[PDB]
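K.L.:
As given, the protein sequences belong to chains A and B, one line each in that order. Remember, the UniProt record's numbering sits 57 above the position in the first sequence when you count from 1. Remember, the UniProt record's numbering sits 207 above the position in the second sequence when you count from 1. Please find one structure pasted underneath; my questions will follow.
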Amino acid sequence: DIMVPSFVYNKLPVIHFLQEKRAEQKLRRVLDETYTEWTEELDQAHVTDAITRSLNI
Amino acid sequence: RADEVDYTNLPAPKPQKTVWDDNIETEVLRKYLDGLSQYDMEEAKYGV
């Protein structure tokens, strides 16, 4: 009725702070893993060159 | 009566690099057109 309640009440602030920091860390890790992937596609000049060769030019 | 001429000597065929009009179609095909010009010059130098 007296002791354990008081010590729990004393614990609350530090635990709240640490859990907030942990959530911020999770969000930071989520953001840090985001990279924009620039894809590379076959240049159409080679396609045009192959078209010309097929014409026997 | 000195030397007249070297019939063996032949003036090399002076090549000219083909020039394409500067339109958007040329920029898209810049690499392809350049290759054609290089092929044309190589053909002129060697003959065929």
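By construction, the Cβ of each residue, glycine as well, lies at the ideal position given by its N, Cα and C atoms.
Along the stretch 227-255 of chain B, what residues have a CB closer than 7 Å to any CB found in chain A?
P.N.:
Listed by position, the residues of the stretch 227-255 of chain B near chain A (Cβ gap below 7 Å) are 236, 238, 239 and 242.
K.L.:
Since residue 89(A) and residue 239(B) should fall inside the 8 Å C-beta cutoff, what is the C-beta to C-beta distance between them, to a whole number of angstroms?
P.N.:
About 43 Å separates the two Cβ atoms, so there is no contact after all.
K.L.:
In this structure, how does DSSP classify residue 253(B) when only helix, strand and coil are distinguished?
P.N.:
If DSSP states are grouped into helix, strand and coil, residue 253(B) belongs with the helices.
K.L.:
Using a C-beta to C-beta distance shorter than 8 Å, which residues of chain B count as neighbours of residue 89(A)?
P.N.:
Within 8 Å Cβ-Cβ: nothing; residue 89(A) doesn't reach chain B, min ~39 Å.
K.L.:
Any idea what DSSP makes of residue 80(A), helix, strand or coil?
P.N.:
Residue 80(A) falls in the helix class under three-state DSSP.
K.L.:
Beta-carbon of residue 107(A) versus every beta-carbon of chain B: anything under 8 Å?
P.N.:
No, no contact with chain B.
K.L.:
Give the single residue among 101(A), 82(A), 110(A) and 67(A) whose Cα lies nearest to the Cα of residue 243(B).
P.N.:
Considering only alpha carbons, the answer is 110(A).
K.L.:
Would you say residue 248(B) and residue 224(B) are within 8 Å of each other, going by their C-beta atoms?
P.N.:
Yes, these two residues count as a Cβ contact at 8 Å.
K.L.:
In the DSSP assignment, find the unbroken alpha helix (DSSP H) run with residue 110(A) in it and report its ends.
P.N.:
Where residue 110(A) is concerned, the enclosing alpha helix (DSSP H) stretches over 101-111.
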